[PDB]
Every structure is written in C-alpha cells, then in structure tokens.
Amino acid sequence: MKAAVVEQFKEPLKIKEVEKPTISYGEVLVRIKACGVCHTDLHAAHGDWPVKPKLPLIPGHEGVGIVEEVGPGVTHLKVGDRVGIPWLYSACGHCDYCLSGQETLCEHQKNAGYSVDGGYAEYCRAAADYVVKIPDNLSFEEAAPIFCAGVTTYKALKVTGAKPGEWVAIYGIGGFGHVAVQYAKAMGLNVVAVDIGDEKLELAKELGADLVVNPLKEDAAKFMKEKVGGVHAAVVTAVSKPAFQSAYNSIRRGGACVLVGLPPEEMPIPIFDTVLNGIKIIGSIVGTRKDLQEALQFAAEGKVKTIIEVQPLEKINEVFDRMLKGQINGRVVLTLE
C-alpha cells in the first residue's frame, strides 16, 4: 500500500510504498477514500509541539473510507460500512474521564495520525470501538472535515452553553469559523461573524451569519455592545493576543469565551474584570464519539456544508505550503481512489 510518510521532521514527505497493516482483536482495517488535512497534521510533520510524534508517521486524523476487514470479536460494525477514524484513535474506556463522558481527555488515549498511523495512506488500522459511522446521505468528501473542525466547532458551541435565541460571536471565519457559523445557526443561535477580511464577512453572511463586523475599522466589541447588548458567548478560532482581547470585551457579563485554537504562546487575561464580571474562559477541542455522531447528522441534513478543495495524496507537500503562508480557503480534503 501507498502512504505519505513523515520520515524526518520539517523534511518534505515521502510518498513511498509501505507495508499494509495487519489487524488482531477489536480492530478494523479501513480502505481510505478521503482524508482531510488541517494545521494539526502540519505540526505533526514539523515536530514542534511539547509531546512530539514517533517517526516514521502517516498523518491523518480525518481519514474516512470503507471497513474492508473486521478482526476477531468486533460485532457492532460490518464489512463495507462507511466509517471514519477521528483524532481520538483509542482511549481506555475505564478511567474516570471515560466514564464521565470525557473520553476526549483520557490520559491513555492514542491519537490517529500522530501517535499512530492515520489517514494519509490507502489503508488504516483502527480501533473498532472508536471509529464512527458516516451516515449514508453524506459524501466521503464532505464528511472528512466534520471529523475535525465540524465537531471541534460544534462541541465548542455546546460548551458556550448559549441557548436558542441567544447571540454568539464567532472570531475567524476560516476553516473553523466558516463551519461554526452554520452550526450556531442550526443550533438556534444568532451569530456575529468577526473577521479582518471583508470577503470572509461576505461568506459568513451567505452562510447565515446575522451581523458582521471587521474589527479594524471599527471597534468590534463596541459594535456588539451596541446593537445586541453584547454577545452571550464567543468562539475564537484563530486565538491570538488581539483576537482574544476582542472576544473577551464583546462578551456580556457572565458570558463564556471558548478558545478552540492551538497557538504556542501564553495569553494573558485580566483578573480583576474577570472576577468582577464572572467571565468564563474555557478550552475545547474535538469531542466525544457522541458529539461527532451529532455533528455528522447536522451535515447529513444540509444544515452545515464544508468548503472543500480536493487534492491527491501526492500534492500533500504543496498543500502544507500554502497552509504555512495561510492561503487555504476553508479545508483541503485528499482523495485516494
């Protein structure tokens, strides 16, 4: 089978033939139809995160395809089921986190396409209990990104705890923001899109966003004041010092600021105002199998559609390239068939 191996950090990826994995108990082998690409893959190749991966490594925590074989004793999935292998490759199922509904946080979790081989290959071995069925009415192309940025974003929106009728501010109408907006709408919310790019605010608006501001150009929080009483919550999709300061100020008292990005730097946050106004700052990323079942169904119903550009496995290095100069419109799925 063919794959895209990261042999050495920061080095271009090899598109070589590799040994096609074997499967023992409780596993499935999956023939990969597509696999979405996001910044996380790139950081895996560059090797520049506290915990770094084991080389060589096939990336892809957004791989989706067909269950080709089912190892001894797996019963809840049949050959030929349409299926996806999300970031949470496996978790213990036994610790407290797992028994709460926070398997996403399990200390002994293995991560797809980072600590084990993932979706940048023709085939992928997966943990049967931990793969998720893609519903019929939803294409492989479309589903792939629902596995990262869909759930990440959807779950974030559940986490804001904003309820139908209330207002969320989405910060950054890129690959997260652009799908956030649709989820927030499908979730009963009124949206404020916030972005430096006048064309992204245009997109967000076709996408359902109720109000746009461009935080240049004028004052974003003073506009959300202003206007809508200040938003109930904000989702930050490109967390940076000024992105956060904005979200923070625009949120009404008691509001939540949910941070979904993964930047290297430490913040800071005002303590006085946070205490005086009981502001909530919360990290969230990916989400539960159930979160994903739920996020996938919204897409399955037309309520959210991702802006994809298809590419083949071999153009991967060009796509990281591109990604690193920040020239990617939403998300890049890789075709394998």
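Don't overthink the numbering: it's just position in the shown sequence, from 1.
- Stretches compared: 168-176, 247-255. Higher mean C-alpha B-factor in the entry: 247-255.
- As listed in the deposited structure, the average C-alpha B-factor of 155-163 and of 73-81 is greater for 73-81.
- The residue among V275, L29, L55, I281 whose C-alpha carries the highest B-factor in the deposited model is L55.
- Across the residues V286, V304, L42, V64, the deposited record lists the maximum Cα B factor for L42.
- For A221, the recorded CA B-factor ranks within the highest third of the chain. Only modelled residues enter the ranking.
- Among all modelled residues in this chain, the alpha-carbon of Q182 has a temperature factor (C-alpha) in the lowest third.
- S100: CA B factor lies in the middle third for its chain, per the PDB record.
- Sort the chain's modelled residues by C-alpha temperature factor and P242 lands in the highest third, per the entry.
- For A126, the recorded CA temperature factor ranks within the middle third of the chain's modelled residues.
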